[PDB]
file query.cif (mmCIF, C-alpha atoms; chains and numbers go by the auth columns)
data_my_file
loop_
_atom_site.group_PDB
_atom_site.id
_atom_site.type_symbol
_atom_site.label_atom_id
_atom_site.label_comp_id
_atom_site.label_asym_id
_atom_site.label_seq_id
_atom_site.Cartn_x
_atom_site.Cartn_y
_atom_site.Cartn_z
_atom_site.B_iso_or_equiv
_atom_site.auth_seq_id
_atom_site.auth_asym_id
ATOM 1 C CA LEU A 1 -10.692 -7.106 2.535 0.00 4 A
ATOM 2 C CA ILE A 2 -7.338 -8.785 1.834 0.00 5 A
ATOM 3 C CA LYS A 3 -6.843 -8.745 -1.915 0.00 6 A
ATOM 4 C CA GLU A 4 -4.350 -10.646 -4.051 0.00 7 A
ATOM 5 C CA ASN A 5 -2.249 -7.566 -4.277 0.00 8 A
ATOM 6 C CA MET A 6 -2.158 -5.437 -1.184 0.00 9 A
ATOM 7 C CA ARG A 7 -0.197 -2.299 -0.368 0.00 10 A
ATOM 8 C CA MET A 8 1.263 -1.373 3.025 0.00 11 A
ATOM 9 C CA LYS A 9 2.694 1.740 4.671 0.00 12 A
ATOM 10 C CA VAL A 10 4.701 1.837 7.853 0.00 13 A
ATOM 11 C CA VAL A 11 6.051 4.237 10.448 0.00 14 A
ATOM 12 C CA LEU A 12 8.797 2.748 12.659 0.00 15 A
ATOM 13 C CA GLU A 13 10.368 4.909 15.368 0.00 16 A
ATOM 14 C CA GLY A 14 12.198 4.658 18.614 0.00 17 A
ATOM 15 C CA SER A 15 15.770 4.412 19.854 0.00 18 A
ATOM 16 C CA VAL A 16 18.696 2.024 19.934 0.00 19 A
ATOM 17 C CA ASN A 17 21.451 2.639 22.559 0.00 20 A
ATOM 18 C CA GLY A 18 19.918 6.037 23.105 0.00 21 A
ATOM 19 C CA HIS A 19 19.958 7.093 19.481 0.00 22 A
ATOM 20 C CA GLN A 20 16.457 8.331 18.340 0.00 23 A
ATOM 21 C CA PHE A 21 15.227 7.781 14.815 0.00 24 A
ATOM 22 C CA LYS A 22 12.196 7.486 12.624 0.00 25 A
ATOM 23 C CA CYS A 23 11.784 5.456 9.391 0.00 26 A
ATOM 24 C CA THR A 24 8.937 5.332 6.905 0.00 27 A
ATOM 25 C CA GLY A 25 8.222 2.597 4.425 0.00 28 A
ATOM 26 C CA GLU A 26 5.774 1.631 1.733 0.00 29 A
ATOM 27 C CA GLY A 27 5.394 -1.501 -0.324 0.00 30 A
ATOM 28 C CA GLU A 28 3.235 -4.186 -1.719 0.00 31 A
ATOM 29 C CA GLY A 29 2.884 -7.904 -1.961 0.00 32 A
ATOM 30 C CA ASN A 30 0.678 -10.934 -2.580 0.00 33 A
ATOM 31 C CA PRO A 31 -0.631 -11.969 0.808 0.00 34 A
ATOM 32 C CA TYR A 32 -1.868 -15.332 -0.280 0.00 35 A
ATOM 33 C CA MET A 33 1.493 -16.193 -1.926 0.00 36 A
ATOM 34 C CA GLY A 34 3.456 -15.101 1.158 0.00 37 A
ATOM 35 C CA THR A 35 5.554 -12.488 -0.753 0.00 38 A
ATOM 36 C CA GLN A 36 6.126 -8.795 -0.143 0.00 39 A
ATOM 37 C CA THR A 37 8.581 -6.027 -0.844 0.00 40 A
ATOM 38 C CA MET A 38 9.052 -2.748 1.095 0.00 41 A
ATOM 39 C CA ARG A 39 10.988 0.438 0.332 0.00 42 A
ATOM 40 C CA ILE A 40 12.261 2.099 3.526 0.00 43 A
ATOM 41 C CA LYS A 41 13.702 5.550 4.223 0.00 44 A
ATOM 42 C CA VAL A 42 15.356 6.759 7.458 0.00 45 A
ATOM 43 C CA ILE A 43 13.736 10.184 7.743 0.00 46 A
ATOM 44 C CA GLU A 44 14.995 11.262 11.221 0.00 47 A
ATOM 45 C CA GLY A 45 18.145 10.358 12.983 0.00 48 A
ATOM 46 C CA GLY A 46 20.117 9.109 9.994 0.00 49 A
ATOM 47 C CA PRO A 47 22.613 7.832 9.283 0.00 50 A
ATOM 48 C CA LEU A 48 21.904 5.272 11.980 0.00 51 A
ATOM 49 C CA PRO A 49 24.942 4.276 14.050 0.00 52 A
ATOM 50 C CA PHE A 50 23.799 0.647 14.149 0.00 53 A
ATOM 51 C CA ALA A 51 23.055 -2.106 11.622 0.00 54 A
ATOM 52 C CA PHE A 52 19.739 -1.729 9.886 0.00 55 A
ATOM 53 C CA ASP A 53 19.444 -5.526 10.023 0.00 56 A
ATOM 54 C CA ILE A 54 18.270 -5.207 13.674 0.00 57 A
ATOM 55 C CA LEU A 55 15.161 -3.308 12.484 0.00 58 A
ATOM 56 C CA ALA A 56 14.497 -5.291 9.358 0.00 59 A
ATOM 57 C CA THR A 57 12.287 -7.850 11.128 0.00 60 A
ATOM 58 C CA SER A 58 10.090 -5.046 12.628 0.00 61 A
ATOM 59 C CA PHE A 59 8.788 -3.715 9.279 0.00 62 A
ATOM 60 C CA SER A 60 4.153 -7.792 8.219 0.00 66 A
ATOM 61 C CA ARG A 61 2.270 -10.896 9.124 0.00 67 A
ATOM 62 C CA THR A 62 -0.719 -10.614 6.724 0.00 68 A
ATOM 63 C CA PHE A 63 1.668 -11.802 3.998 0.00 69 A
ATOM 64 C CA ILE A 64 2.123 -15.464 4.947 0.00 70 A
ATOM 65 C CA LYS A 65 1.073 -18.312 2.615 0.00 71 A
ATOM 66 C CA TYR A 66 -1.247 -20.620 4.689 0.00 72 A
ATOM 67 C CA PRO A 67 -2.127 -24.100 3.419 0.00 73 A
ATOM 68 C CA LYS A 68 -5.497 -25.779 3.826 0.00 74 A
ATOM 69 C CA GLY A 69 -5.499 -27.261 7.269 0.00 75 A
ATOM 70 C CA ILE A 70 -3.951 -24.264 9.042 0.00 76 A
ATOM 71 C CA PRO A 71 -6.302 -21.292 9.650 0.00 77 A
ATOM 72 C CA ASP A 72 -4.698 -17.888 9.034 0.00 78 A
ATOM 73 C CA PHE A 73 -5.040 -15.877 12.191 0.00 79 A
ATOM 74 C CA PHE A 74 -3.793 -12.694 10.643 0.00 80 A
ATOM 75 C CA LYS A 75 -6.056 -12.518 7.576 0.00 81 A
ATOM 76 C CA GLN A 76 -9.060 -13.389 9.714 0.00 82 A
ATOM 77 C CA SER A 77 -8.369 -10.435 12.015 0.00 83 A
ATOM 78 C CA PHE A 78 -9.554 -7.847 9.460 0.00 84 A
ATOM 79 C CA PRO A 79 -11.039 -5.316 9.222 0.00 85 A
ATOM 80 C CA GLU A 80 -9.980 -4.529 12.867 0.00 86 A
ATOM 81 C CA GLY A 81 -6.387 -5.848 12.469 0.00 87 A
ATOM 82 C CA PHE A 82 -4.039 -7.060 15.111 0.00 88 A
ATOM 83 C CA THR A 83 -1.068 -6.101 17.218 0.00 89 A
ATOM 84 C CA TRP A 84 2.261 -7.732 18.055 0.00 90 A
ATOM 85 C CA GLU A 85 4.694 -7.235 20.953 0.00 91 A
ATOM 86 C CA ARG A 86 8.176 -8.710 20.772 0.00 92 A
ATOM 87 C CA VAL A 87 11.265 -8.867 22.914 0.00 93 A
ATOM 88 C CA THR A 88 14.412 -9.876 21.008 0.00 94 A
ATOM 89 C CA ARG A 89 17.541 -10.917 22.882 0.00 95 A
ATOM 90 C CA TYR A 90 20.875 -11.125 21.123 0.00 96 A
ATOM 91 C CA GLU A 91 23.672 -13.363 22.308 0.00 97 A
ATOM 92 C CA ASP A 92 25.906 -10.409 23.011 0.00 98 A
ATOM 93 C CA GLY A 93 23.436 -8.848 25.357 0.00 99 A
ATOM 94 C CA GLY A 94 21.534 -6.493 23.047 0.00 100 A
ATOM 95 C CA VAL A 95 17.801 -6.379 23.841 0.00 101 A
ATOM 96 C CA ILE A 96 15.151 -4.860 21.490 0.00 102 A
ATOM 97 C CA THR A 97 11.508 -4.446 22.517 0.00 103 A
ATOM 98 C CA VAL A 98 8.957 -3.677 19.780 0.00 104 A
ATOM 99 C CA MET A 99 5.273 -2.863 19.969 0.00 105 A
ATOM 100 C CA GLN A 100 3.434 -2.870 16.618 0.00 106 A
ATOM 101 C CA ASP A 101 -0.110 -2.032 15.557 0.00 107 A
ATOM 102 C CA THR A 102 -1.504 -3.271 12.205 0.00 108 A
ATOM 103 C CA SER A 103 -4.581 -1.553 10.739 0.00 109 A
ATOM 104 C CA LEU A 104 -6.508 -1.516 7.476 0.00 110 A
ATOM 105 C CA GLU A 105 -7.152 2.050 6.349 0.00 111 A
ATOM 106 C CA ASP A 106 -8.641 3.040 2.979 0.00 112 A
ATOM 107 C CA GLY A 107 -7.788 -0.426 1.712 0.00 113 A
ATOM 108 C CA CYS A 108 -4.101 -0.148 2.590 0.00 114 A
ATOM 109 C CA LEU A 109 -2.324 -1.970 5.435 0.00 115 A
ATOM 110 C CA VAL A 110 -0.901 0.620 7.854 0.00 116 A
ATOM 111 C CA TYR A 111 1.660 -0.315 10.477 0.00 117 A
ATOM 112 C CA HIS A 112 3.081 1.623 13.372 0.00 118 A
ATOM 113 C CA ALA A 113 6.095 0.090 15.284 0.00 119 A
ATOM 114 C CA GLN A 114 7.689 1.614 18.383 0.00 120 A
ATOM 115 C CA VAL A 115 11.133 0.162 19.140 0.00 121 A
ATOM 116 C CA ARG A 116 13.531 0.410 22.075 0.00 122 A
ATOM 117 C CA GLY A 117 16.932 -1.244 21.947 0.00 123 A
ATOM 118 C CA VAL A 118 19.493 -1.266 24.736 0.00 124 A
ATOM 119 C CA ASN A 119 22.615 -2.949 25.846 0.00 125 A
ATOM 120 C CA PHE A 120 24.246 -3.473 22.448 0.00 126 A
ATOM 121 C CA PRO A 121 28.016 -3.631 22.874 0.00 127 A
ATOM 122 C CA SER A 122 29.662 -0.512 21.486 0.00 128 A
ATOM 123 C CA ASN A 123 32.214 -2.415 19.431 0.00 129 A
ATOM 124 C CA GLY A 124 29.952 -5.343 18.512 0.00 130 A
ATOM 125 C CA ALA A 125 28.811 -6.244 15.056 0.00 131 A
ATOM 126 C CA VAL A 126 25.507 -4.363 15.435 0.00 132 A
ATOM 127 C CA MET A 127 26.885 -1.020 16.615 0.00 133 A
ATOM 128 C CA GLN A 128 29.842 -1.232 14.243 0.00 134 A
ATOM 129 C CA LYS A 129 27.628 -2.075 11.236 0.00 135 A
ATOM 130 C CA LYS A 130 29.400 -5.400 10.498 0.00 136 A
ATOM 131 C CA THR A 131 26.284 -7.434 9.702 0.00 137 A
ATOM 132 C CA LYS A 132 25.350 -9.224 6.445 0.00 138 A
ATOM 133 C CA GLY A 133 21.654 -10.075 6.711 0.00 139 A
ATOM 134 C CA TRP A 134 19.566 -12.824 8.252 0.00 140 A
ATOM 135 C CA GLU A 135 19.720 -16.560 7.623 0.00 141 A
ATOM 136 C CA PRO A 136 16.382 -18.190 6.686 0.00 142 A
ATOM 137 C CA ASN A 137 14.486 -19.336 9.775 0.00 143 A
ATOM 138 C CA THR A 138 11.438 -21.124 11.081 0.00 144 A
ATOM 139 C CA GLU A 139 9.117 -19.516 13.627 0.00 145 A
ATOM 140 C CA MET A 140 6.999 -21.802 15.786 0.00 146 A
ATOM 141 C CA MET A 141 3.439 -20.544 16.316 0.00 147 A
ATOM 142 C CA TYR A 142 1.345 -21.625 19.295 0.00 148 A
ATOM 143 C CA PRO A 143 -2.259 -20.847 20.116 0.00 149 A
ATOM 144 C CA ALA A 144 -2.531 -18.991 23.387 0.00 150 A
ATOM 145 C CA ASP A 145 -5.901 -17.838 24.827 0.00 151 A
ATOM 146 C CA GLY A 146 -7.298 -16.582 21.458 0.00 152 A
ATOM 147 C CA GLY A 147 -4.029 -15.157 20.231 0.00 153 A
ATOM 148 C CA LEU A 148 -0.701 -16.615 19.118 0.00 154 A
ATOM 149 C CA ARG A 149 2.757 -16.865 20.559 0.00 155 A
ATOM 150 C CA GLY A 150 5.539 -17.025 18.063 0.00 156 A
ATOM 151 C CA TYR A 151 8.967 -18.311 19.054 0.00 157 A
ATOM 152 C CA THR A 152 11.983 -17.771 16.856 0.00 158 A
ATOM 153 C CA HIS A 153 15.789 -18.476 17.001 0.00 159 A
ATOM 154 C CA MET A 154 17.388 -16.406 14.227 0.00 160 A
ATOM 155 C CA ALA A 155 21.024 -16.068 13.058 0.00 161 A
ATOM 156 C CA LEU A 156 22.386 -12.719 11.905 0.00 162 A
ATOM 157 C CA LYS A 157 25.317 -13.107 9.525 0.00 163 A
ATOM 158 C CA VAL A 158 28.422 -11.067 10.516 0.00 164 A
ATOM 159 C CA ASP A 159 31.649 -10.010 8.801 0.00 165 A
ATOM 160 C CA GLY A 160 34.155 -12.873 9.196 0.00 166 A
ATOM 161 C CA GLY A 161 31.436 -15.507 8.289 0.00 167 A
ATOM 162 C CA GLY A 162 30.163 -16.007 11.837 0.00 168 A
ATOM 163 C CA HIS A 163 26.647 -15.524 13.133 0.00 169 A
ATOM 164 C CA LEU A 164 25.126 -13.654 16.056 0.00 170 A
ATOM 165 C CA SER A 165 22.227 -15.636 17.490 0.00 171 A
ATOM 166 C CA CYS A 166 19.042 -14.047 18.702 0.00 172 A
ATOM 167 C CA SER A 167 15.796 -15.352 20.104 0.00 173 A
ATOM 168 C CA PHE A 168 12.469 -13.870 20.456 0.00 174 A
ATOM 169 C CA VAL A 169 8.930 -14.452 21.601 0.00 175 A
ATOM 170 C CA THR A 170 6.161 -12.530 19.940 0.00 176 A
ATOM 171 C CA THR A 171 2.656 -12.116 21.338 0.00 177 A
ATOM 172 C CA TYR A 172 0.140 -11.673 18.474 0.00 178 A
ATOM 173 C CA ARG A 173 -3.266 -10.314 19.552 0.00 179 A
ATOM 174 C CA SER A 174 -6.337 -9.778 17.391 0.00 180 A
ATOM 175 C CA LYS A 175 -8.297 -6.546 17.676 0.00 181 A
ATOM 176 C CA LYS A 176 -11.359 -8.273 16.229 0.00 182 A
ATOM 177 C CA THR A 177 -13.973 -8.686 18.916 0.00 183 A
ATOM 178 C CA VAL A 178 -16.935 -8.645 16.372 0.00 184 A
ATOM 179 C CA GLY A 179 -16.976 -12.066 14.581 0.00 185 A
ATOM 180 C CA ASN A 180 -14.811 -14.959 15.745 0.00 186 A
ATOM 181 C CA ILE A 181 -11.451 -16.186 14.465 0.00 187 A
ATOM 182 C CA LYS A 182 -11.037 -19.846 13.686 0.00 188 A
ATOM 183 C CA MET A 183 -7.849 -20.602 15.661 0.00 189 A
ATOM 184 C CA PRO A 184 -5.019 -22.617 14.148 0.00 190 A
ATOM 185 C CA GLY A 185 -3.260 -25.419 15.743 0.00 191 A
ATOM 186 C CA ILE A 186 0.471 -25.351 16.418 0.00 192 A
ATOM 187 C CA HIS A 187 2.350 -24.735 13.199 0.00 193 A
ATOM 188 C CA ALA A 188 5.574 -23.312 11.801 0.00 194 A
ATOM 189 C CA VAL A 189 6.289 -20.402 9.493 0.00 195 A
ATOM 190 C CA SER A 190 9.390 -20.530 7.228 0.00 196 A
ATOM 191 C CA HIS A 191 10.787 -17.083 6.462 0.00 197 A
ATOM 192 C CA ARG A 192 13.418 -15.759 4.099 0.00 198 A
ATOM 193 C CA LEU A 193 14.177 -12.005 4.303 0.00 199 A
ATOM 194 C CA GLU A 194 16.412 -10.626 1.614 0.00 200 A
ATOM 195 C CA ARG A 195 17.973 -7.219 1.165 0.00 201 A
ATOM 196 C CA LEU A 196 17.451 -6.107 -2.416 0.00 202 A
ATOM 197 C CA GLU A 197 18.995 -2.632 -2.448 0.00 203 A
ATOM 198 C CA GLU A 198 20.680 -0.320 -0.046 0.00 204 A
ATOM 199 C CA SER A 199 22.241 3.074 -0.139 0.00 205 A
ATOM 200 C CA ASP A 200 25.798 3.700 1.328 0.00 206 A
ATOM 201 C CA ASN A 201 24.825 4.495 4.906 0.00 207 A
ATOM 202 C CA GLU A 202 21.617 2.320 4.808 0.00 208 A
ATOM 203 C CA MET A 203 19.396 5.387 4.800 0.00 209 A
ATOM 204 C CA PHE A 204 17.482 3.781 1.927 0.00 210 A
ATOM 205 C CA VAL A 205 16.736 0.067 1.957 0.00 211 A
ATOM 206 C CA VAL A 206 14.545 -2.271 -0.138 0.00 212 A
ATOM 207 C CA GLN A 207 13.741 -5.633 1.278 0.00 213 A
ATOM 208 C CA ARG A 208 11.661 -8.643 0.316 0.00 214 A
ATOM 209 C CA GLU A 209 10.247 -11.450 2.340 0.00 215 A
ATOM 210 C CA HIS A 210 8.849 -14.893 1.493 0.00 216 A
ATOM 211 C CA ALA A 211 6.870 -16.581 4.376 0.00 217 A
ATOM 212 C CA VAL A 212 5.032 -19.910 4.212 0.00 218 A
ATOM 213 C CA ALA A 213 3.207 -21.715 7.001 0.00 219 A
ATOM 214 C CA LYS A 214 3.654 -25.423 7.440 0.00 220 A
ATOM 215 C CA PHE A 215 2.794 -28.213 9.805 0.00 221 A
ATOM 216 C CA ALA A 216 5.336 -28.626 12.728 0.00 222 A
ATOM 217 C CA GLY A 217 6.069 -32.402 12.871 0.00 223 A
ATOM 218 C CA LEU A 218 6.462 -33.929 16.404 0.00 224 A
ATOM 219 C CA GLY A 219 6.674 -30.406 17.823 0.00 225 A
ATOM 220 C CA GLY A 220 3.118 -29.883 16.537 0.00 226 A
ATOM 221 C CA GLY A 221 1.736 -32.286 19.074 0.00 227 A
#
call {"tool": "encode", "arguments": {"input": "query.cif", "output": "structure tokens"}}
result
Amino acid sequence: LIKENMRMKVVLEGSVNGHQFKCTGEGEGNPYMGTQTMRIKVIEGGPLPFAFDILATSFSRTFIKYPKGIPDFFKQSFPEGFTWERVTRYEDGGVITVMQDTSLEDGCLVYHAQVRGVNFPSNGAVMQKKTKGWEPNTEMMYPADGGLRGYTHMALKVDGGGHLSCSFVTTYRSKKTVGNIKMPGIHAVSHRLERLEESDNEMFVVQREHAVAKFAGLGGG
């Protein structure tokens, strides 16, 4: 079901500080190598009056490299797929809630994300488009009643060389209820998300991600 080269398509829509928009993306990657690239268009509501960086982490968990010794929750969830629900809090008060469905349709991964952001300061780096991409990070993953909870502290680079911190907790839930998933233990996922291309107003973006699971040291228990 999950081949060495897999394509994905995504619809992402919602609002940030009351501004409605819709984006569509399509890409491909190597799910067992933890690599993927996506080409994204803002098709409604552009140009967005906020940094695209705040959406970039909402566009793919099937594409994580898992070593022997750590079961891959996401790959095992197919054909039914899985969902994820996330609340992201930024240090300047911005809050983004995202609900995402992941499905496998005609051999393609198909994502739908609904996003609602509020409370971003009007003259902050996000709403003034003064961001410069995400620093690499490590997400902790914990088993929780047959799903996973992911916990992340991320740093968004800003003009002036500072960072805006954010944290989030993601609930990952499998839609497979025929067949069982072999649950992992506590582990960590290292991510690096890079912007490859962008147009002037960010209405076209290409981004690539590398994600590799690892054991979590003392925090692994």
call {"tool": "residues_around", "arguments": {"input": "query.cif", "residues": "residue 166 of chain A", "least_positions_apart": "6", "cutoff": "12 Å", "atoms": "all atoms listed in the file", "output": "PyMOL selection string"}}
result
chain A and resi 131+136-138
call {"tool": "residues_around", "arguments": {"input": "query.cif", "residues": "residue 213 of chain A", "least_positions_apart": "4", "cutoff": "8 Å", "atoms": "all atoms listed in the file", "output": "PyMOL selection string"}}
result
chain A and resi 40-42+199-203
call {"tool": "residues_around", "arguments": {"input": "query.cif", "residues": "residue 155 of chain A", "least_positions_apart": "3", "cutoff": "9 Å", "atoms": "all atoms listed in the file", "output": "JSON, numbers by chain"}}
result
{"A": [146, 147, 148, 149, 150, 175, 176, 177, 178, 179]}
call {"tool": "write_last_selection", "arguments": {"input": "query.cif", "atoms": "C-alpha atoms", "output": "compact mmCIF listing (two decimals), in the coordinates of the input"}}
result
# COMPACT_ATOMS: atom_id res chain seq x y z
CA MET A 146 7.00 -21.80 15.79
CA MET A 147 3.44 -20.54 16.32
CA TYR A 148 1.34 -21.62 19.30
CA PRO A 149 -2.26 -20.85 20.12
CA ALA A 150 -2.53 -18.99 23.39
CA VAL A 175 8.93 -14.45 21.60
CA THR A 176 6.16 -12.53 19.94
CA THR A 177 2.66 -12.12 21.34
CA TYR A 178 0.14 -11.67 18.47
CA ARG A 179 -3.27 -10.31 19.55
call {"tool": "residues_around", "arguments": {"input": "query.cif", "residues": "residue 220 of chain A", "least_positions_apart": "4", "cutoff": "7 Å", "atoms": "all atoms listed in the file", "output": "PyMOL selection string"}}
result
chain A and resi 193-195
call {"tool": "closest_residue", "arguments": {"input": "query.cif", "among": "A:50, A:134, A:58, A:68", "to": "residue 82 of chain A", "atoms": "all atoms listed in the file"}}
result
A:68
call {"tool": "atom_distance", "arguments": {"input": "query.cif", "atom1": "atom CA of residue 182 of chain A", "atom2": "atom CA of residue 30 of chain A"}}
result
24.5 Å
call {"tool": "resolve_selection", "arguments": {"input": "query.cif", "expression": "the PyMOL selection byres ((chain A and resi 62) around 9)", "output": "number ranges by chain"}}
result
A: 13-15, 28, 41, 43, 58-61, 66, 117-119
call {"tool": "write_last_selection", "arguments": {"input": "query.cif", "atoms": "C-alpha atoms", "output": "mmCIF file, in the frame of the given file"}}
result
data_model
loop_
_atom_site.group_PDB
_atom_site.id
_atom_site.type_symbol
_atom_site.label_atom_id
_atom_site.label_comp_id
_atom_site.auth_asym_id
_atom_site.auth_seq_id
_atom_site.Cartn_x
_atom_site.Cartn_y
_atom_site.Cartn_z
ATOM 1 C CA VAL A 13 4.701 1.837 7.853
ATOM 2 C CA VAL A 14 6.051 4.237 10.448
ATOM 3 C CA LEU A 15 8.797 2.748 12.659
ATOM 4 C CA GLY A 28 8.222 2.597 4.425
ATOM 5 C CA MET A 41 9.052 -2.748 1.095
ATOM 6 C CA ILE A 43 12.261 2.099 3.526
ATOM 7 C CA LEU A 58 15.161 -3.308 12.484
ATOM 8 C CA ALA A 59 14.497 -5.291 9.358
ATOM 9 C CA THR A 60 12.287 -7.850 11.128
ATOM 10 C CA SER A 61 10.090 -5.046 12.628
ATOM 11 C CA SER A 66 4.153 -7.792 8.219
ATOM 12 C CA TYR A 117 1.660 -0.315 10.477
ATOM 13 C CA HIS A 118 3.081 1.623 13.372
ATOM 14 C CA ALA A 119 6.095 0.090 15.284
#
call {"tool": "residues_around", "arguments": {"input": "query.cif", "residues": "residue 9 of chain A", "least_positions_apart": "5", "cutoff": "8 Å", "atoms": "all atoms listed in the file", "output": "MDAnalysis selection string"}}
result
chainID A and resid 31:34 114:115
call {"tool": "closest_residue", "arguments": {"input": "query.cif", "among": "A:214, A:81, A:12, A:169", "to": "residue 116 of chain A", "atoms": "all atoms listed in the file"}}
result
A:12
call {"tool": "resolve_selection", "arguments": {"input": "query.cif", "expression": "the PyMOL selection byres ((chain A and resi 144) around 9)", "output": "list in words"}}
result
residues 142, 143, 145, 146, 157, 158, 159, 160, 194, 195, 196 and 197 of chain A
call {"tool": "closest_residue", "arguments": {"input": "query.cif", "among": "A:205, A:186, A:8, A:173", "to": "residue 83 of chain A", "atoms": "only C-alpha atoms"}}
result
A:186
call {"tool": "closest_residue", "arguments": {"input": "query.cif", "among": "A:70, A:4, A:57, A:222", "to": "residue 100 of chain A", "atoms": "all atoms listed in the file"}}
result
A:57
call {"tool": "resolve_selection", "arguments": {"input": "query.cif", "expression": "the PyMOL selection byres ((chain A and resi 73) around 10)", "output": "PyMOL selection string"}}
result
chain A and resi 35+70-72+74-78+218-221
call {"tool": "atom_distance", "arguments": {"input": "query.cif", "atom1": "atom CA of residue 165 of chain A", "atom2": "atom CA of residue 47 of chain A"}}
result
27.1 Å
call {"tool": "atom_distance", "arguments": {"input": "query.cif", "atom1": "atom CA of residue 90 of chain A", "atom2": "atom CA of residue 109 of chain A"}}
result
11.8 Å
call {"tool": "closest_residue", "arguments": {"input": "query.cif", "among": "A:22, A:10, A:92, A:163", "to": "residue 111 of chain A", "atoms": "all atoms listed in the file"}}
result
A:10
call {"tool": "closest_residue", "arguments": {"input": "query.cif", "among": "A:209, A:187, A:168, A:180", "to": "residue 24 of chain A", "atoms": "only C-alpha atoms"}}
result
A:209
call {"tool": "residues_near_point", "arguments": {"input": "query.cif", "point": "(20.6, -6.4, 21.6)", "cutoff": "7 Å", "atoms": "all atoms listed in the file", "output": "ChimeraX atom specification"}}
result
/A:95-96,98-102,123-126
call {"tool": "decode", "arguments": {"input": "query.cif", "residues": "segment 11-22 of chain A", "atoms": "N, CA, C and O atoms", "output": "mmCIF file, in the first residue's frame"}}
result
data_model
loop_
_atom_site.group_PDB
_atom_site.id
_atom_site.type_symbol
_atom_site.label_atom_id
_atom_site.label_comp_id
_atom_site.auth_asym_id
_atom_site.auth_seq_id
_atom_site.Cartn_x
_atom_site.Cartn_y
_atom_site.Cartn_z
ATOM 1 N N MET A 11 1.275 12.567 -3.042
ATOM 2 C CA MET A 11 0.248 13.090 -2.152
ATOM 3 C C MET A 11 -0.387 14.333 -2.733
ATOM 4 O O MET A 11 0.197 15.006 -3.626
ATOM 5 N N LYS A 12 -1.597 14.584 -2.294
ATOM 6 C CA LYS A 12 -2.378 15.775 -2.740
ATOM 7 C C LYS A 12 -3.032 16.302 -1.494
ATOM 8 O O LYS A 12 -3.359 15.532 -0.573
ATOM 9 N N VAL A 13 -3.105 17.608 -1.370
ATOM 10 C CA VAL A 13 -3.660 18.215 -0.177
ATOM 11 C C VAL A 13 -4.525 19.425 -0.473
ATOM 12 O O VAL A 13 -4.272 20.145 -1.431
ATOM 13 N N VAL A 14 -5.606 19.548 0.294
ATOM 14 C CA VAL A 14 -6.412 20.744 0.409
ATOM 15 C C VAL A 14 -6.294 21.293 1.805
ATOM 16 O O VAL A 14 -6.520 20.512 2.757
ATOM 17 N N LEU A 15 -5.908 22.534 1.962
ATOM 18 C CA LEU A 15 -5.720 23.146 3.307
ATOM 19 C C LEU A 15 -6.568 24.427 3.273
ATOM 20 O O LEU A 15 -6.395 25.250 2.358
ATOM 21 N N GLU A 16 -7.472 24.640 4.227
ATOM 22 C CA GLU A 16 -8.296 25.817 4.152
ATOM 23 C C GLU A 16 -8.616 26.270 5.538
ATOM 24 O O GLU A 16 -8.515 25.499 6.479
ATOM 25 N N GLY A 17 -9.078 27.509 5.651
ATOM 26 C CA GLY A 17 -9.444 27.984 6.969
ATOM 27 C C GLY A 17 -9.299 29.499 7.031
ATOM 28 O O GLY A 17 -9.457 30.217 6.023
ATOM 29 N N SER A 18 -8.891 29.980 8.214
ATOM 30 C CA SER A 18 -8.697 31.408 8.410
ATOM 31 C C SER A 18 -7.627 31.665 9.389
ATOM 32 O O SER A 18 -7.396 30.836 10.317
ATOM 33 N N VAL A 19 -6.935 32.792 9.255
ATOM 34 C CA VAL A 19 -6.000 33.292 10.266
ATOM 35 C C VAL A 19 -6.364 34.770 10.511
ATOM 36 O O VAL A 19 -6.376 35.540 9.576
ATOM 37 N N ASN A 20 -6.606 35.116 11.754
ATOM 38 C CA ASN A 20 -7.011 36.503 12.143
ATOM 39 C C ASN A 20 -8.145 36.974 11.199
ATOM 40 O O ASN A 20 -8.158 38.112 10.713
ATOM 41 N N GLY A 21 -9.112 36.097 11.013
ATOM 42 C CA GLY A 21 -10.268 36.363 10.254
ATOM 43 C C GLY A 21 -10.138 36.370 8.750
ATOM 44 O O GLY A 21 -11.170 36.484 8.059
ATOM 45 N N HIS A 22 -8.963 36.132 8.248
ATOM 46 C CA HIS A 22 -8.737 36.132 6.811
ATOM 47 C C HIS A 22 -8.890 34.692 6.220
ATOM 48 O O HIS A 22 -8.087 33.793 6.549
#
